[PDB]
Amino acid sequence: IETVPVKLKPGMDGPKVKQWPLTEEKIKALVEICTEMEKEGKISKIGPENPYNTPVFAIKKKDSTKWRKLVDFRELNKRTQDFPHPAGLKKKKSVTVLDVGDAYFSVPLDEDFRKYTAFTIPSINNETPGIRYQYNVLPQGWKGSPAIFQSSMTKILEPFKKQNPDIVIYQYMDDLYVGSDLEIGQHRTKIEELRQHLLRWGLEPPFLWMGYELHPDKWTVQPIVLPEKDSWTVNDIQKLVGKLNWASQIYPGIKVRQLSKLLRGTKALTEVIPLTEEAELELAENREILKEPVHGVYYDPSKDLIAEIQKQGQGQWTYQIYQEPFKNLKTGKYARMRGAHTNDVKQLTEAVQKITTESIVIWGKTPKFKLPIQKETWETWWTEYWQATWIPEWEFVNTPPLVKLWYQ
């Protein structure tokens, strides 16, 4: 009810980010949403004295038919002033993600900072002036919101935590992650118990009823594996030596000397080469090395997480998360990419969101993505398939990696 003073970082001005083009349906959804928010006092119209801007669009959360406003505060968040992650969350058998972002609207925003939350609802073909608003309350997606609302959330959650001490509750931006070990039916009733426990405080939230269910305990380690074959061709051995050479950047004691000595001569690629005793032993020793963890791998909260993704074909995608090259903190593979059997970009967009979710659960922050896609293609489509209330950072890969072959 009383506002927290908030400031931008030293020597830095507010965001001036262009509104990107919106479809008719998203414009109409935003006009409807903002008209209601304006009546509720959550936002107010602004004048030309405010030159700041942040992009806005609208999405449909997974399994819903109600449009949700999504502000892209990435620039503002970088420019905003700065204000312990639970290692147990990723170990729970079920985690339900709640959208609690609506709660932030109950807290007023510092009068002097509001101008920096300016956004624009554009018109088709710019035929009428864009509708200009700023926030009067903590906005969804702004990093300052969870920080300012934190004392309030803890108070709301106290009785539920007291009565359920083994439940892990973790907040990231507008998301609430609720983890327990258990049977699912009971789990869903704690989540519902939680819900009602929050509704009480409110007295209605459009998306609180929703539950996004995860099972991070089912997530795990994906290591390097070598083929097991009875007949090796020249091509098979060349591929094996290539993979091992690559793996030797990750694992010290990998050797290819004896295997390479099978590749001596100038043989037809499809010709079968019997393994020598020396070559099989080297191969066996390499297998054993690859069963061990990578050495000197640690997470540092002061460094960025980086996520790389490869398209493997047939709807399959591989990814790695690291801070230092060759020191992967997590690797994984997605073989489904549902609903995008004929759409690469939708598949990639879902992969990005899934990887970000894993990252939030494990380290409590989002990675910077290296995306195997041309900038123009991504920028034109990702908002059509986006279903999360946060947005990570990304860059684009224009040169095909050889590494793709090693994660196949």
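Between two forms, the rigid core is the largest collection of C-alphas that superpose within 1.5 Å. All residue numbers are counted from 1 along the displayed sequence.
Across the superposed structures in 6 other deposited structures of this protein, aligned by the core, the stretch whose Cα atoms lie more distant on average is 395-403, chosen from 395-403 and 15-23. Root-mean-square C-alpha deviation from the shown form, taken over all structures in 6 other deposited structures of this protein superposed by the rigid core, is larger for 263-271 than for the alternative among 108-116 and 263-271. Coordinates for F207 are absent from at least a third of the other compared entries of this protein that model residues on both sides of it.
Per the record, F83 and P84 are separated by a gap of 4 to 9 residues from the deposited sequence that were not modelled. Looking at mean Cα B-factors across 235-243 and 165-173, the upper value is held by 165-173. For the pair 122-130 and 263-271, the record assigns the higher mean C-alpha temperature factor to 263-271. Which of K26, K370, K42, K66 has the largest Cα B-factor in the deposited entry comes down to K66.
Of the candidates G313, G332, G141, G185, the one whose C-alpha carries the top B factor in the deposited record is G185.
In the deposited entry, the Cα temperature factor of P392 places it in the lowest third of its chain's modelled residues.
Compared with the other modelled residues of the chain, the Cα B-factor recorded for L89 ranks in the highest third.
Sort the chain's modelled residues by C-alpha temperature factor and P15 lands in the lowest third, per the entry. Ranked by Cα temperature factor within the chain, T276 sits in the highest third according to the deposited record. In the deposited entry, the Cα temperature factor of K354 sits in the middle third of values across the chain's modelled residues.
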